[PDB]
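Dropping run.pdb in here (PDB, C-alpha atoms):
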ATOM      1  CA  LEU A   1     -53.032  15.720 232.465  1.00  0.00           C
ATOM      2  CA  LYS A   2     -55.835  15.741 229.893  1.00  0.00           C
ATOM      3  CA  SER A   3     -57.678  12.530 230.768  1.00  0.00           C
ATOM      4  CA  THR A   4     -56.747   9.144 229.307  1.00  0.00           C
ATOM      5  CA  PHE A   5     -56.431  10.969 225.985  1.00  0.00           C
ATOM      6  CA  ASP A   6     -52.972  12.113 227.077  1.00  0.00           C
ATOM      7  CA  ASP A   7     -51.400   8.676 227.505  1.00  0.00           C
ATOM      8  CA  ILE A   8     -53.563   7.607 224.566  1.00  0.00           C
ATOM      9  CA  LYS A   9     -51.940  10.188 222.290  1.00  0.00           C
ATOM     10  CA  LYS A  10     -48.453   9.166 223.414  1.00  0.00           C
ATOM     11  CA  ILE A  11     -49.129   5.488 222.719  1.00  0.00           C
ATOM     12  CA  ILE A  12     -50.793   6.060 219.349  1.00  0.00           C
ATOM     13  CA  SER A  13     -48.137   8.569 218.292  1.00  0.00           C
ATOM     14  CA  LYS A  14     -45.225   6.466 219.545  1.00  0.00           C
ATOM     15  CA  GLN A  15     -46.688   3.276 218.075  1.00  0.00           C
ATOM     16  CA  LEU A  16     -48.244   4.537 214.842  1.00  0.00           C
ATOM     17  CA  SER A  17     -48.496   8.278 214.203  1.00  0.00           C
ATOM     18  CA  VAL A  18     -52.145   8.594 213.177  1.00  0.00           C
ATOM     19  CA  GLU A  19     -55.085  10.996 213.382  1.00  0.00           C
ATOM     20  CA  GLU A  20     -56.508  10.938 216.910  1.00  0.00           C
ATOM     21  CA  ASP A  21     -59.389  12.987 215.505  1.00  0.00           C
ATOM     22  CA  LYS A  22     -61.085   9.626 214.965  1.00  0.00           C
ATOM     23  CA  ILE A  23     -59.698   7.902 218.057  1.00  0.00           C
ATOM     24  CA  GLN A  24     -61.765   9.790 220.632  1.00  0.00           C
ATOM     25  CA  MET A  25     -65.131   8.950 219.072  1.00  0.00           C
ATOM     26  CA  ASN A  26     -66.518   7.989 222.482  1.00  0.00           C
ATOM     27  CA  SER A  27     -67.509   4.711 220.825  1.00  0.00           C
ATOM     28  CA  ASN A  28     -64.675   2.278 220.107  1.00  0.00           C
ATOM     29  CA  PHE A  29     -60.915   2.358 219.534  1.00  0.00           C
ATOM     30  CA  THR A  30     -60.691  -0.697 217.280  1.00  0.00           C
ATOM     31  CA  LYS A  31     -64.385  -0.976 216.417  1.00  0.00           C
ATOM     32  CA  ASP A  32     -65.064   2.649 215.484  1.00  0.00           C
ATOM     33  CA  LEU A  33     -62.121   4.066 213.533  1.00  0.00           C
ATOM     34  CA  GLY A  34     -61.364   0.564 212.290  1.00  0.00           C
ATOM     35  CA  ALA A  35     -57.606   1.028 212.563  1.00  0.00           C
ATOM     36  CA  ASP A  36     -56.319  -2.432 213.476  1.00  0.00           C
ATOM     37  CA  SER A  37     -56.883  -5.014 216.295  1.00  0.00           C
ATOM     38  CA  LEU A  38     -53.176  -5.724 216.800  1.00  0.00           C
ATOM     39  CA  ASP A  39     -52.255  -2.051 216.437  1.00  0.00           C
ATOM     40  CA  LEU A  40     -54.786  -0.815 218.995  1.00  0.00           C
ATOM     41  CA  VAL A  41     -53.667  -3.608 221.323  1.00  0.00           C
ATOM     42  CA  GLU A  42     -50.061  -2.461 220.946  1.00  0.00           C
ATOM     43  CA  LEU A  43     -50.421   1.207 221.886  1.00  0.00           C
ATOM     44  CA  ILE A  44     -52.788   0.207 224.688  1.00  0.00           C
ATOM     45  CA  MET A  45     -50.314  -2.301 226.124  1.00  0.00           C
ATOM     46  CA  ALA A  46     -47.854   0.589 226.369  1.00  0.00           C
ATOM     47  CA  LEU A  47     -50.344   2.839 228.159  1.00  0.00           C
ATOM     48  CA  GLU A  48     -50.836   0.419 231.052  1.00  0.00           C
ATOM     49  CA  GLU A  49     -47.286  -0.942 230.919  1.00  0.00           C
ATOM     50  CA  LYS A  50     -46.183   2.604 231.744  1.00  0.00           C
ATOM     51  CA  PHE A  51     -49.016   3.292 234.188  1.00  0.00           C
ATOM     52  CA  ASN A  52     -47.758   0.318 236.199  1.00  0.00           C
ATOM     53  CA  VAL A  53     -51.159  -1.344 236.572  1.00  0.00           C
ATOM     54  CA  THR A  54     -52.565  -4.877 236.557  1.00  0.00           C
ATOM     55  CA  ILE A  55     -54.568  -4.600 233.337  1.00  0.00           C
ATOM     56  CA  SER A  56     -54.183  -6.821 230.273  1.00  0.00           C
ATOM     57  CA  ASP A  57     -57.420  -7.987 228.653  1.00  0.00           C
ATOM     58  CA  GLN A  58     -59.563  -5.326 230.326  1.00  0.00           C
ATOM     59  CA  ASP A  59     -57.802  -2.330 228.780  1.00  0.00           C
ATOM     60  CA  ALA A  60     -58.732  -3.143 225.184  1.00  0.00           C
ATOM     61  CA  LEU A  61     -62.264  -3.696 226.482  1.00  0.00           C
ATOM     62  CA  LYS A  62     -62.227  -0.406 228.392  1.00  0.00           C
ATOM     63  CA  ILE A  63     -60.196   2.282 226.630  1.00  0.00           C
ATOM     64  CA  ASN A  64     -62.394   1.530 223.619  1.00  0.00           C
ATOM     65  CA  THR A  65     -64.832   4.023 225.138  1.00  0.00           C
ATOM     66  CA  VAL A  66     -63.805   7.485 226.336  1.00  0.00           C
ATOM     67  CA  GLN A  67     -65.894   6.678 229.410  1.00  0.00           C
ATOM     68  CA  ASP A  68     -64.266   3.398 230.438  1.00  0.00           C
ATOM     69  CA  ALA A  69     -60.920   4.853 229.366  1.00  0.00           C
ATOM     70  CA  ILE A  70     -60.872   7.818 231.748  1.00  0.00           C
ATOM     71  CA  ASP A  71     -62.392   5.433 234.293  1.00  0.00           C
ATOM     72  CA  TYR A  72     -59.613   2.860 233.949  1.00  0.00           C
ATOM     73  CA  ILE A  73     -56.956   5.543 234.387  1.00  0.00           C
ATOM     74  CA  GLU A  74     -58.663   7.474 237.184  1.00  0.00           C
ATOM     75  CA  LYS A  75     -59.553   4.321 239.118  1.00  0.00           C
ATOM     76  CA  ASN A  76     -56.040   2.904 238.765  1.00  0.00           C
ATOM     77  CA  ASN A  77     -53.567   5.771 238.405  1.00  0.00           C
ATOM     78  CA  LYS A  78     -54.007   8.575 240.939  1.00  0.00           C
ATOM     79  CA  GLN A  79     -51.091  10.786 239.902  1.00  0.00           C
TER      80      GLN A  79
END

Reformat the file's structure so that it appears as structure tokens.
Amino acid sequence: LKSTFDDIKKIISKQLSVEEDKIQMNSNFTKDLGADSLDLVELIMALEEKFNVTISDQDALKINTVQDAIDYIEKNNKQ
């Protein structure tokens, strides 16, 4: 359990093995690294889909920032 980064590394690695060294920029996920809108939306969809939450259009607008990310996982998922 290493913050949202955990599930974030499993979704980005299972969706498109890339360098997370630019994912956790504490800025944006699809606005910082500039990976891809559809791509980022894919891995993200898997994160929540597995977390069994009620997110959809809030994830992409939350996980984008390390702050909102760990906040969307801590507020929802409680282990």

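Applied to the file shown here, the PyMOL selection byres ((chain A and resi 70) around 12) selects the residues residues 1, 2, 3, 4, 5, 6, 7, 8, 24, 26, 59, 62, 63, 64, 65, 66, 67, 68, 69, 71, 72, 73, 74, 75, 76, 77 and 78 of chain A.
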
Output file for the selection above: C-alpha atoms, as a PDB file, in the coordinates of the input:
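Listing of out-v6.pdb after writing:
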ATOM      1  CA  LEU A   1     -53.032  15.720 232.465  1.00  0.00           C
ATOM      2  CA  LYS A   2     -55.835  15.741 229.893  1.00  0.00           C
ATOM      3  CA  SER A   3     -57.678  12.530 230.768  1.00  0.00           C
ATOM      4  CA  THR A   4     -56.747   9.144 229.307  1.00  0.00           C
ATOM      5  CA  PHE A   5     -56.431  10.969 225.985  1.00  0.00           C
ATOM      6  CA  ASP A   6     -52.972  12.113 227.077  1.00  0.00           C
ATOM      7  CA  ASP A   7     -51.400   8.676 227.505  1.00  0.00           C
ATOM      8  CA  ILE A   8     -53.563   7.607 224.566  1.00  0.00           C
ATOM      9  CA  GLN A  24     -61.765   9.790 220.632  1.00  0.00           C
ATOM     10  CA  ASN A  26     -66.518   7.989 222.482  1.00  0.00           C
ATOM     11  CA  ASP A  59     -57.802  -2.330 228.780  1.00  0.00           C
ATOM     12  CA  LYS A  62     -62.227  -0.406 228.392  1.00  0.00           C
ATOM     13  CA  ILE A  63     -60.196   2.282 226.630  1.00  0.00           C
ATOM     14  CA  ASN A  64     -62.394   1.530 223.619  1.00  0.00           C
ATOM     15  CA  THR A  65     -64.832   4.023 225.138  1.00  0.00           C
ATOM     16  CA  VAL A  66     -63.805   7.485 226.336  1.00  0.00           C
ATOM     17  CA  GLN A  67     -65.894   6.678 229.410  1.00  0.00           C
ATOM     18  CA  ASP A  68     -64.266   3.398 230.438  1.00  0.00           C
ATOM     19  CA  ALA A  69     -60.920   4.853 229.366  1.00  0.00           C
ATOM     20  CA  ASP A  71     -62.392   5.433 234.293  1.00  0.00           C
ATOM     21  CA  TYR A  72     -59.613   2.860 233.949  1.00  0.00           C
ATOM     22  CA  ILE A  73     -56.956   5.543 234.387  1.00  0.00           C
ATOM     23  CA  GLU A  74     -58.663   7.474 237.184  1.00  0.00           C
ATOM     24  CA  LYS A  75     -59.553   4.321 239.118  1.00  0.00           C
ATOM     25  CA  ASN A  76     -56.040   2.904 238.765  1.00  0.00           C
ATOM     26  CA  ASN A  77     -53.567   5.771 238.405  1.00  0.00           C
ATOM     27  CA  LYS A  78     -54.007   8.575 240.939  1.00  0.00           C
TER      28      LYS A  78
END

Is it possible to get the axis-aligned box enclosing stretch 1-13 of chain A (all listed atoms, 8 Å extra per side) as lines of an AutoDock Vina configuration file, with centre and edge lengths in Å rounded to one decimal?
center_x = -52.9
center_y = 10.6
center_z = 225.4
size_x = 25.5
size_y = 26.3
size_z = 30.2

Just how far from atom CA of residue A:54 is atom CA of residue A:18, in Å to one decimal? 27.0 Å

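The smallest atom-to-atom distance between residue A:51 and any of A:79, A:13, A:35, A:23, using all atoms listed in the file, is found for A:79.
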
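When atom CA of residue A:41 is paired with atom CA of residue A:21, their separation reads 18.5 Å.
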
Could you pull stretch 53-78 of chain A out of the structure I just pasted and write it to a file containing C-alpha atoms, as an mmCIF file, in the first residue's frame?
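Printed below is part_26.cif as written:
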data_model
loop_
_atom_site.group_PDB
_atom_site.id
_atom_site.type_symbol
_atom_site.label_atom_id
_atom_site.label_comp_id
_atom_site.auth_asym_id
_atom_site.auth_seq_id
_atom_site.Cartn_x
_atom_site.Cartn_y
_atom_site.Cartn_z
ATOM 1 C CA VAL A 53 -16.193 2.750 -6.462
ATOM 2 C CA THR A 54 -18.720 5.117 -8.035
ATOM 3 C CA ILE A 55 -16.249 7.281 -9.949
ATOM 4 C CA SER A 56 -16.255 7.885 -13.704
ATOM 5 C CA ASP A 57 -15.649 11.473 -14.808
ATOM 6 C CA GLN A 58 -14.165 12.560 -11.477
ATOM 7 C CA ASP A 59 -11.202 10.176 -11.536
ATOM 8 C CA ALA A 60 -9.555 11.678 -14.617
ATOM 9 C CA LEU A 61 -10.137 15.060 -12.977
ATOM 10 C CA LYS A 62 -8.682 13.866 -9.672
ATOM 11 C CA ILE A 63 -5.879 11.338 -10.140
ATOM 12 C CA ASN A 64 -4.307 13.966 -12.396
ATOM 13 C CA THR A 65 -2.814 15.398 -9.204
ATOM 14 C CA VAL A 66 -0.976 13.287 -6.627
ATOM 15 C CA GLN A 67 -3.061 15.183 -4.073
ATOM 16 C CA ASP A 68 -6.536 14.482 -5.449
ATOM 17 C CA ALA A 69 -5.344 10.990 -6.369
ATOM 18 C CA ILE A 70 -4.425 9.830 -2.866
ATOM 19 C CA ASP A 71 -7.540 11.700 -1.738
ATOM 20 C CA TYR A 72 -9.851 9.843 -4.120
ATOM 21 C CA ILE A 73 -8.462 6.489 -2.990
ATOM 22 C CA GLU A 74 -8.295 7.254 0.732
ATOM 23 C CA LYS A 75 -11.764 8.814 0.793
ATOM 24 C CA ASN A 76 -13.288 5.923 -1.156
ATOM 25 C CA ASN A 77 -11.251 2.776 -0.516
ATOM 26 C CA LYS A 78 -10.462 2.110 3.146
#
